[PDB]
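Okay, structure first, notes after.
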Amino acid sequence: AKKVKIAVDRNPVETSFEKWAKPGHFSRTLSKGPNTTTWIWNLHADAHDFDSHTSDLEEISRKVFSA
Amino acid sequence: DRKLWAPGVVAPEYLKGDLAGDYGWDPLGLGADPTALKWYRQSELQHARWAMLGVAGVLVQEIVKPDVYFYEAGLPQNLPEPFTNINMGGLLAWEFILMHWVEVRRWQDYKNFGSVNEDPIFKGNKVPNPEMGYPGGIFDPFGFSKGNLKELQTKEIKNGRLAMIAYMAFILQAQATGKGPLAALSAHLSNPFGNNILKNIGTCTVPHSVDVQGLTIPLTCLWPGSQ
Amino acid sequence: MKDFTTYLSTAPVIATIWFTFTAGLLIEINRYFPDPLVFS
Amino acid sequence: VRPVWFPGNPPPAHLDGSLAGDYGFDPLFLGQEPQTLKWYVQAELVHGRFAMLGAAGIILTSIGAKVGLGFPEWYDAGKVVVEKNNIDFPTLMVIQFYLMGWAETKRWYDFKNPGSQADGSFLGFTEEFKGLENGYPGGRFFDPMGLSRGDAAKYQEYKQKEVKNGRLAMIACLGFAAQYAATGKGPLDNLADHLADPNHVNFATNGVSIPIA
Amino acid sequence: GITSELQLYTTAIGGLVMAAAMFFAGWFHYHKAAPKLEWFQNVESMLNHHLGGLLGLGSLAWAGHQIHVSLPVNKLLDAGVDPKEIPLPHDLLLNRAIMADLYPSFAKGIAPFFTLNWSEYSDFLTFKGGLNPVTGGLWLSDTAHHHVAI
Amino acid sequence: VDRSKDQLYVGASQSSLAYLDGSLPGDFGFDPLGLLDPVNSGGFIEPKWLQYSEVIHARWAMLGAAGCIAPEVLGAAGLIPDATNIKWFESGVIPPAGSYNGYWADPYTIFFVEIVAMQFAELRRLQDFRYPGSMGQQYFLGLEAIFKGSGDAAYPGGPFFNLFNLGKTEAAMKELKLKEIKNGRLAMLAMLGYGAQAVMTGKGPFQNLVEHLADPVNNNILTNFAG
Ligand code: CHL
Ligand code: CLA
Ligand code: CLA
Ligand code: CLA
Ligand code: CLA
Ligand code: CLA
Ligand SMILES: CC(/C=C/C=C(C)/C=C/[C@@]12O[C@]1(C)C[C@@H](O)CC2(C)C)=C\C=C\C=C(C)\C=C\C=C(C)\C=C\[C@@]12O[C@]1(C)C[C@@H](O)CC2(C)C
C-alpha cells in the first residue's frame, strides 16, 4: 500500500553551458567526436532517443517530463 | 539597576548608564556604532536645547502678545514696529553669517575635541569644556556646573526631551486647529467633548503658499489634512 | 561564458548568424537599389 | 565584507573588489573571462565619461533656456546650431570622425599593446601617451595637474568617485531620453512641473509609462 | 466574444507569459526538483486529476466563459448591434441587470441551480440542435449546455 | 478541520502522525494531503517553507481582517466622517467595484511607493531565509543591528520585532506562538469570508452581520442565492 505522495530529488543536475559546447555528450558512442560525416546525422537522429542513452527508467522519465 | 523605559526589558550592551537620562531605549539600534552614538548624542542636545527655547518663546510670546499667532509671526508685516517690513534678504544675511561661525566652531570641537577652546582674537581666554557638548566657562557664568554635574545633565535632558515632544504638539495643533498652544487649551476647557482632536484632526488650516515680499514660499501640513 | 561563446561557435549557430547576415545584406541592397538587371 | 548590490548574496568569483566601483554586480557573468573584463572596464569608463560631459552640457543649456538666455533644448540644439551658423552637416560629421578616429585608434592600440603609443612615433612625444593603468591614461597631457601622481591613497578615492558619478550620469542621460519621449518637454521643464504639484505630476500620471493607469 | 484588437493583444501578452512559465517549469523540474520514478507511476492518481481536473474543470471553466461572455456578446452581434456599442464582458459580469434583459433567467440568480429548478435556465441552456440561421453555426446556448454536461 | 481546540482534528490520519510530532505551533495533526512529509521533499513543498508561509499568511490576514471592517465599525459609531465609511472592496483596490477620490495622490502614484517600500521589506526578509543572519552584516544606516534574526526565519525577534521581549521563558513563548497561529488561522478564514460574502451579497462584512442578527432565518447564505 505505497502511499501516493510528492517525491522529488533536489538539484539533480547542474545548470551549465559546458555540455552545450560538447556535442554528443548524451551518448557514449558520439561523445568522442566526429571522424566521418555520418557522426553529424547520428547526433540529430539519437538526440531524443532517451531510452537508448541510459538504462535508468527514472532518468528517462525526468527527461520526458521536461521535454 | 537603573529603571528602564519598559518593565522587564533588557537594555542594549552599549547603553550602560554612562550618559545622562539613559533608560536603555534604542529599538532601532542606532547607537551600535560607538562613533555614531557620539554624534547622535550631540544632535539630541541641540534639539533638546533649541526646542526648550522654542517652547519658552511660544508660550511667553503668547502671554505678552496674544494676537501675533506665532505660526504667522515669521511674516515681515507681523514684526515689531522697529523691524516691521524689514527686508528679509538682509535679515537672513545676519543669521547666515553669524550662525555659520558659531556652528562651525561647535562642529570643529566635535571633530577634534579641545581644539577650539581658546579665543581666536584675544589670546588667553579659554573655556574648560569638561565634556563634549558642555562648554562651560563663559557659557556658565553662574557656575552651576560645579557640584553634582551628573544630576544637572539628567535634569537638562529630561526637560529637553519633554520640550521636543511639547513643541511638535504646538505645531500640529496650530496646523489642525489654527490656534496657539494656550488658545487651544482654553478652547478644550470650554467644550471638552465638542472641541478635541477627534474633530479637528481632519482639517489643515495652513494655506498652500504665501508671498513674502514678492517671493513665493511653499507651505505644508505634516499630514494630508483636508485643506 | 567561455563555454557559452563556444556554443555560439558551433556550426549550426555560425551558419544561422552568417546566413542571417548574408541574407540581410542582399535584402537591404535590393531595398535601396530595387530591380537590378544590368550593371550599367 | 565589502558591500554588494544585493545584500546577502556572495559576490562573483571574478569580481574581487580590486576595480573601482566594484559591488559584485554581474548577474549574467558577462565579464567572467579576465581578458574580456579589461575590455569592459574601459568601455564603462568611456561610456561614463561621455555621459558626464553629456549630462553636464544638457543641464547647463537647459538652465539657459529656462532663464531666458535663448538656448535651445538639447533635442533641438543640433538643428539650431547648423542653421544659425550656416554649417554643412556632412562636413562637420566627417571632421569629427577624423579627429575621433585618430584619437580613439590610439587608445585602441594602447589597449592591445600597452605602451606602444609612447615610442616617439607621434611627433616625438614619448611619455605623454605611455598610460598608467587600463582606462587611466595619466601623463602630463591627460592629467596636467598630476592628481594621479601625488598621493596614492587619494588617487584611489578619486577612481571611486569617477566611476560612480559616471554611472549616475549614464542613468541620467537615459532619463533625459525617456522623459523627452514620454513628455516632449525639456529636462528642467519636467523638474519645474514636478515641484509645482509632485503628487499629481509624475510618471504615473503622464498617461504613457503606465498605460493601464 | 472578442470584439477589439486590444483583447487580442492582451491574450498574446498572456501567451508569452505562459510560454515563459512553461520553459521555467521544464528547467525547474529537471535541474532543481525532479520527480522520482515512484511519482511517475501513480497512474490511478494521474487519471483522476486528468479526468476531473484537466478535462472536467477545463470544460466547466469554459462553460463559465460562454455563459457570461460568449452568449451575451453573440446574442447582440447577431441582432445587428454595432460591435463597438456592445457592453464589455466585465460590465455583463458585474451588472446582473444587463444580463437579465438578454436572458431573464439571470434575474433569479443561482437559487434555481441549488433548488434543482434547472428548467429555469432553459433560455440560455438549450437543446435546439441544428444551425443558427443568422450565422450558420451551432447555437452557443446549445454549446454551453454541452460543456456543462461534459 | 475540527473547530475549537483538541488533541487531534477530524482529518488527522495515522500517516500524518509519522512526522507531525507537535514541534511546530498549532500542530493538531491535520495534514490529509501529507504536504509536510520530510521524506523526498524539495522545491517550495518542504516543512521549512510551508510553515514559514503559513505564519506570513497569518500575519497579513490578521491585519486584513481587522482593516477590512474597522472603517465600517468606526463609521457606524460616528468616530470617522461618513465620507470615509467605505466598504473594503470600494476603497480603490478594485476600481470597477468602486474607487475613492480624496487620497493625496492618484492610486497608481501611491502604488509605486508601495512597490519600492515592499521591495526593500520583502527582499530583505527573503535574504534572511536564504542566508540566515546575512542582513545584520552589510551597512544599512545602522539598522542592521536589529536585522540579525534568531535562526528561525518566521520569528526574527531582536530589539525591534520583539520590542517588549515577551515570552521570555520557553514555555511562555510556545503559548504565544500557538495563540498567534490560531488567531492567524481564524483571520485567514475571515478574509475568505469577506471575499465570498462580498460577491454573494455585494455589501460590507459589517452590514452582513447586522442583517443576519435582524432576521437570522431570512438572512443567511441560503436565502442570498436569490434576491
Ligand atoms: C600605407 C598607408 C597607411 C595607412 C593605411 C595608415 C593608416 C593609419 N595610420 Mg598611418 N598609415 C599609413 C602609412 C603610414 N602611417 C605612418 C605613421 C602613423 C602614425 C605615427 C600613426 C598612424 C596612424 C594611422 C591610423 C589613423 C586612423 C585615423 O582615423 O586617421 C585619421 C586621419 C587623420 C586625422 C589625418 C588625415 C586627415 C585628412 C585625410 C587630410 C587633411 C589634410 C589637410 C591639410 C587638413 C588641414 C586642416 C587644417 C587647416 C584645419 C590609420 C590606421 C595613427 C594611429 O592610429 O596609430 C595607432 C598614428 O598614431 N600612422 C607612416 C609613417 C611611418 C606611414 C608611412 O607610410
Ligand atoms: C488606520 C487609521 C486611519 C486611516 C488610514 C485613515 C484615513 C483617512 N482618514 Mg481617518 N480617522 C481615523 C483613522 C484613520 N483614518 C481615526 C481613528 C479617526 C478618529 C480620530 C479618524 C478621523 C478622521 C477625520 C476627522 C478625517 C479623516 C480623514 C481621513 C483621510 C485622510 C485625511 C485626513 O485629514 O486624515 C486625518 C486622520 C488622521 C490623522 C487619523 C490618523 C490615525 C492613525 C493613522 C492611527 C492611530 C491613531 C491613534 C489610535 C490615536 C487616535 C486619536 C487619539 C486622541 C486617541 C483618509 C481617508 C479625513 C476625511 O474624511 O477626508 C475625506 C477627515 O476629515 N479621518
Ligand atoms: C539556460 C538554461 C539551461 C542550461 C544552461 C541548461 C543546461 C543543461 N541542460 Mg537543461 N533545460 C533548460 C535550461 C537549461 N539547461 C530548460 C529551459 C529546460 C526545459 C525544456 C531544460 C531541460 C533539460 C533536459 C530535459 C535536459 C537538459 C540537459 C541539460 C544539459 C545539456 C543541454 C544541452 O546540451 O543543450 C544543448 C541543446 C540545445 C541548444 C537545443 C535547444 C532546444 C530548445 C528546446 C529549442 C527548440 C527549438 C525548436 C527546435 C525550434 C524549431 C526548429 C525549426 C525552425 C528548424 C546541461 C547540464 C540534459 C542533461 O542534463 O543530460 C544529461 C537533458 O537531458 N535540460
Ligand atoms: C467555473 C465557471 C463559472 C464561474 C467562475 C462563474 C462565476 C459567476 N457566475 Mg456563473 N455559472 C456557471 C459557471 C460559472 N460561473 C454555470 C455552469 C452556470 C449554469 C448553471 C452558471 C450560472 C450562473 C447564474 C445564473 C449566475 C451566475 C453568476 C455568476 C457570478 C456570481 C456568482 C455568485 O453569486 O457567487 C457567490 C460567491 C462566490 C462564487 C464566492 C466568491 C469567493 C471569492 C472569490 C473569494 C476571495 C477571497 C480572497 C482572500 C479575498 C480577496 C483579498 C485580497 C483583495 C487582498 C460569477 C461571476 C451570477 C451573476 O452575477 O451573473 C451575472 C448569476 O446570477 N452564474
Ligand atoms: C503539468 C504540470 C505540472 C505538474 C504535474 C507539476 C508537478 C509538480 N510540481 Mg510543478 N510547475 C508547473 C507545472 C507542473 N508541476 C508549472 C507550469 C510551474 C511554473 C509556474 C511549476 C512550478 C513549480 C514549483 C515552483 C514547484 C512545483 C512543484 C511541483 C510538485 C508539487 C505540485 C503540487 O502539489 O501542486 C499543488 C498546487 C499548489 C500548492 C498551488 C496551487 C495554486 C497555483 C499557484 C495555481 C493553480 C491554478 C489553477 C490550475 C487554475 C486556476 C483557475 C482560476 C481560478 C484562475 C510536483 C512534482 C513543487 C515541488 O517541487 O515540490 C516537491 C514546487 O516547489 N512546480
Ligand atoms: C494590511 C493593512 C492595511 C492596509 C493595506 C490598509 C489600507 C487602507 N486603509 Mg486600513 N486599516 C488597517 C489595515 C490596513 N488598511 C487596520 C489594521 C486598521 C485598524 C486599526 C485599519 C483602519 C482603517 C481606517 C479607519 C481607515 C483605513 C483606511 C485605509 C485606506 C487608506 C490608507 C491611508 O490613507 O493610510 C494613511 C497612511 C498612513 C497612516 C501612513 C503614514 C506614513 C507616513 C510617511 C508616516 C510618517 C510618520 C512620522 C514621520 C512620525 C510618526 C508620527 C506619529 C507619532 C504621529 C486604505 C485602503 C481609510 C479608508 O478606507 O479611507 C477611505 C480609513 O478611513 N483603514
Ligand atoms: C528643535 C525643535 C524646535 C525648535 C523650535 C524653534 C527654534 C522655534 C522657534 C519659533 O517658535 C518661536 C520661538 C516663535 C515663532 O514665532 C517663530 C519660530 C521660529 C517658529 C524641535 C525638535 C523636535 C524633535 C523631536 C520631536 C524628536 C523626536 C525624536 C524621537 C521620538 C526619536 C525616537 C527614536 O530615535 C530614538 C531616540 C531611538 C530609536 O532607537 C527609536 C526612535 C523611535 C526612532
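Scheme for the C-alpha cells: letters A, B, ... for chains in order shown; per-chain residue numbers from 1; ligand numbers from 1 in order shown.
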
Exercise. Would you list the residues that come within 6 Å of ligand 3? Count only C-alpha atoms and all ligand atoms and give the answer as a ChimeraX atom specification.
Key: /A:14-17,19-20,26,63,66-67 /E:23-24,26-27,30

Self-check item: region 196-202 of chain D surroundings by only C-alpha atoms, 8 Å radius, close-in-sequence under 4 positions cut, as an MDAnalysis selection string
Solution: (chainID D and resid 192 206) or (chainID F and resid 104:106 109)

Quiz item: Can you list, as a PyMOL selection string, every protein, DNA or RNA residue that comes within 6 Å of residue 10 (chain A) when you count only C-alpha atoms, leaving out same-chain residues fewer than 2 positions away?
Solution: (chain A and resi 12) or (chain E and resi 32-33) or (chain F and resi 42)

Based on the selection just made, write N, CA, C and O atoms of those residues as a short mmCIF file (atom, residue, chain, number, x, y, z; two decimals), in the first residue's frame.
data_model
loop_
_atom_site.label_atom_id
_atom_site.label_comp_id
_atom_site.auth_asym_id
_atom_site.auth_seq_id
_atom_site.Cartn_x
_atom_site.Cartn_y
_atom_site.Cartn_z
N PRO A 12 19.18 17.71 -8.98
CA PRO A 12 19.74 16.51 -9.62
C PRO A 12 20.84 16.83 -10.60
O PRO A 12 21.82 16.07 -10.70
N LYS E 32 16.22 21.39 -10.83
CA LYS E 32 16.02 21.83 -9.45
C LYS E 32 15.26 20.82 -8.60
O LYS E 32 15.75 20.42 -7.55
N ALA E 33 14.07 20.41 -9.03
CA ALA E 33 13.24 19.47 -8.26
C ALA E 33 12.66 18.47 -9.25
O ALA E 33 11.57 18.68 -9.80
N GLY F 42 11.18 18.80 -1.48
CA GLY F 42 12.00 19.68 -2.28
C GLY F 42 11.18 20.84 -2.79
O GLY F 42 9.98 20.94 -2.54
#

Practice problem: Please identify all polymer residues within 10 Å of residue 36 (chain E), counting only C-alpha atoms, omitting same-chain residues fewer than 2 positions from it, and present them as a list in words. | Solution: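 After dropping sequence-adjacent residues, the list is residues 6, 7, 8, 9, 57, 58, 59, 61 and 62 of chain A; 33, 34, 38, 39, 40 and 41 of chain E; 40 of chain F.
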
Practice problem: Output the neighbourhood of ligand 4 as a ChimeraX atom specification, that is, all protein and nucleic acid residues with some atom at most 6 Å from the ligand, counting only C-alpha atoms and all ligand atoms. | Solution: /E:60-61,63-64,93,96,106,109-110,113,148 /F:191-192,195-196,199-200

Quiz item: Mind listing the residues within 7 Å of ligand 2, only C-alpha atoms and all ligand atoms counted, as an MDAnalysis selection string?
Solution: (chainID B and resid 197:203 223:226) or (chainID F and resid 79:81 83:84 102:103)

Residue subset to file, keeping C-alpha atoms, as a short mmCIF file (atom, residue, chain, number, x, y, z; two decimals), in the first residue's frame:
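The file below, again-v8.cif, is the result:
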data_model
loop_
_atom_site.label_atom_id
_atom_site.label_comp_id
_atom_site.auth_asym_id
_atom_site.auth_seq_id
_atom_site.Cartn_x
_atom_site.Cartn_y
_atom_site.Cartn_z
CA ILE B 197 -8.69 66.06 18.28
CA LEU B 198 -11.45 63.71 17.13
CA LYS B 199 -12.98 66.65 15.22
CA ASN B 200 -10.03 68.89 14.31
CA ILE B 201 -7.72 66.14 13.04
CA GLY B 202 -9.33 66.14 9.61
CA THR B 203 -8.57 69.78 8.71
CA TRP B 223 -0.40 65.11 7.20
CA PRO B 224 -2.71 65.23 4.16
CA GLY B 225 -5.37 67.09 6.10
CA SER B 226 -8.46 68.41 4.36
CA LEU F 79 -15.86 58.25 15.12
CA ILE F 80 -14.83 58.95 11.50
CA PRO F 81 -16.55 61.15 8.88
CA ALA F 83 -17.06 60.27 3.65
CA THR F 84 -14.61 57.54 4.74
CA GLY F 102 -9.72 62.09 -1.99
CA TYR F 103 -6.39 60.41 -1.40
#

Quiz prompt | At most 12 Å to chain F: residues in chain B, only C-alpha atoms, as a PyMOL selection string | solution = chain B and resi 4-14+24-37+40+197-203+223-227

Excluding residue 169 (chain D) and residues on its chain fewer than 2 positions from it, collect all residues at most 12 Å away from it, counting only C-alpha atoms, and give them as an mmCIF file with N, CA and C atoms, in the first residue's frame.
data_model
loop_
_atom_site.group_PDB
_atom_site.id
_atom_site.type_symbol
_atom_site.label_atom_id
_atom_site.label_comp_id
_atom_site.auth_asym_id
_atom_site.auth_seq_id
_atom_site.Cartn_x
_atom_site.Cartn_y
_atom_site.Cartn_z
ATOM 1 N N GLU D 44 33.205 50.839 -19.868
ATOM 2 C CA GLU D 44 32.375 51.526 -18.885
ATOM 3 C C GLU D 44 32.884 52.934 -18.618
ATOM 4 N N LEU D 45 34.202 53.096 -18.486
ATOM 5 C CA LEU D 45 34.753 54.418 -18.211
ATOM 6 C C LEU D 45 34.502 55.373 -19.367
ATOM 7 N N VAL D 46 34.707 54.913 -20.601
ATOM 8 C CA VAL D 46 34.464 55.773 -21.755
ATOM 9 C C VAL D 46 32.989 56.131 -21.840
ATOM 10 N N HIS D 47 32.111 55.152 -21.619
ATOM 11 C CA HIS D 47 30.685 55.444 -21.566
ATOM 12 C C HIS D 47 30.367 56.414 -20.438
ATOM 13 N N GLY D 48 30.946 56.189 -19.259
ATOM 14 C CA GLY D 48 30.663 57.058 -18.130
ATOM 15 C C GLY D 48 31.185 58.466 -18.326
ATOM 16 N N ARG D 49 32.399 58.594 -18.860
ATOM 17 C CA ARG D 49 32.986 59.914 -19.056
ATOM 18 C C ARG D 49 32.210 60.726 -20.085
ATOM 19 N N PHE D 50 31.800 60.100 -21.190
ATOM 20 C CA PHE D 50 30.990 60.816 -22.171
ATOM 21 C C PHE D 50 29.654 61.236 -21.577
ATOM 22 N N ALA D 51 29.032 60.359 -20.789
ATOM 23 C CA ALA D 51 27.745 60.690 -20.192
ATOM 24 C C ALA D 51 27.863 61.885 -19.258
ATOM 25 N N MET D 52 28.951 61.959 -18.491
ATOM 26 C CA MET D 52 29.147 63.106 -17.613
ATOM 27 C C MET D 52 29.245 64.399 -18.412
ATOM 28 N N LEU D 53 29.988 64.385 -19.519
ATOM 29 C CA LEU D 53 30.022 65.557 -20.385
ATOM 30 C C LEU D 53 28.649 65.838 -20.975
ATOM 31 N N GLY D 54 27.936 64.789 -21.385
ATOM 32 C CA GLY D 54 26.607 64.983 -21.939
ATOM 33 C C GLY D 54 25.621 65.522 -20.922
ATOM 34 N N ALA D 55 25.605 64.936 -19.724
ATOM 35 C CA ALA D 55 24.659 65.378 -18.707
ATOM 36 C C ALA D 55 24.945 66.806 -18.271
ATOM 37 N N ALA D 56 26.214 67.136 -18.037
ATOM 38 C CA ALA D 56 26.551 68.496 -17.639
ATOM 39 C C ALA D 56 26.177 69.491 -18.728
ATOM 40 N N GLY D 57 26.428 69.140 -19.988
ATOM 41 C CA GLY D 57 26.073 70.036 -21.075
ATOM 42 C C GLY D 57 24.576 70.212 -21.220
ATOM 43 N N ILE D 58 23.819 69.122 -21.094
ATOM 44 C CA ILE D 58 22.368 69.213 -21.211
ATOM 45 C C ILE D 58 21.787 70.024 -20.062
ATOM 46 N N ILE D 59 22.281 69.803 -18.844
ATOM 47 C CA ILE D 59 21.764 70.534 -17.692
ATOM 48 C C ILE D 59 22.057 72.021 -17.832
ATOM 49 N N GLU D 162 35.024 58.833 -9.677
ATOM 50 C CA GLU D 162 34.818 58.978 -11.113
ATOM 51 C C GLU D 162 33.792 57.982 -11.634
ATOM 52 N N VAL D 163 33.890 56.722 -11.210
ATOM 53 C CA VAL D 163 33.027 55.691 -11.772
ATOM 54 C C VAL D 163 31.588 55.882 -11.311
ATOM 55 N N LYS D 164 31.393 56.302 -10.062
ATOM 56 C CA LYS D 164 30.039 56.408 -9.533
ATOM 57 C C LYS D 164 29.309 57.617 -10.103
ATOM 58 N N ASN D 165 30.003 58.745 -10.264
ATOM 59 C CA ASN D 165 29.396 59.863 -10.975
ATOM 60 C C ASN D 165 29.189 59.528 -12.444
ATOM 61 N N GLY D 166 30.056 58.693 -13.015
ATOM 62 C CA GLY D 166 29.852 58.252 -14.383
ATOM 63 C C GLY D 166 28.626 57.374 -14.537
ATOM 64 N N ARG D 167 28.438 56.424 -13.621
ATOM 65 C CA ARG D 167 27.246 55.585 -13.667
ATOM 66 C C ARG D 167 25.989 56.410 -13.436
ATOM 67 N N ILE D 171 22.802 56.922 -16.168
ATOM 68 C CA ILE D 171 21.379 56.787 -15.873
ATOM 69 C C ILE D 171 20.645 58.075 -16.213
ATOM 70 N N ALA D 172 21.241 59.220 -15.880
ATOM 71 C CA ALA D 172 20.591 60.494 -16.158
ATOM 72 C C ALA D 172 20.364 60.684 -17.649
ATOM 73 N N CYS D 173 21.362 60.354 -18.471
ATOM 74 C CA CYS D 173 21.203 60.512 -19.912
ATOM 75 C C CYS D 173 20.091 59.625 -20.448
ATOM 76 N N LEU D 174 19.874 58.463 -19.832
ATOM 77 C CA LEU D 174 18.707 57.661 -20.175
ATOM 78 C C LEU D 174 17.424 58.333 -19.714
ATOM 79 N N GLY D 175 17.468 59.032 -18.580
ATOM 80 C CA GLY D 175 16.293 59.752 -18.123
ATOM 81 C C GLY D 175 15.909 60.886 -19.052
ATOM 82 N N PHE D 176 16.899 61.620 -19.559
ATOM 83 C CA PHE D 176 16.607 62.694 -20.499
ATOM 84 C C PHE D 176 15.885 62.162 -21.727
#

Quiz prompt | All residues 12 Å or closer to residue 222 (chain B), only C-alpha atoms, same chain fewer than 3 positions away omitted, as a list in words | solution = residues 168, 169, 171, 172, 173, 174, 175, 176, 201, 202, 203, 204, 205, 206, 219, 225 and 226 of chain B

Quiz item: If you count only C-alpha atoms and all ligand atoms, which residues end up within 10 Å of ligand 7, as an MDAnalysis selection string?
Solution: (chainID B and resid 24:31 40:41 43:62 68:75 78:79 160:171) or (chainID F and resid 143 146 159:160)

Quiz prompt | Within 12 Å of chain D: residues of chain C, using only C-alpha atoms, as a ChimeraX atom specification | solution = /C:1-5

Exercise. Give me, please, the distance in Å between CA of residue 43 (chain A) and CA of residue 22 (chain A), quoted to one decimal.
Key: 11.3 Å

Exercise. Residues within 6 Å of ligand 1, counting only C-alpha atoms and all ligand atoms: report them as a PyMOL selection string.
Key: chain D and resi 98-99+101-102+105-106+109+121-122
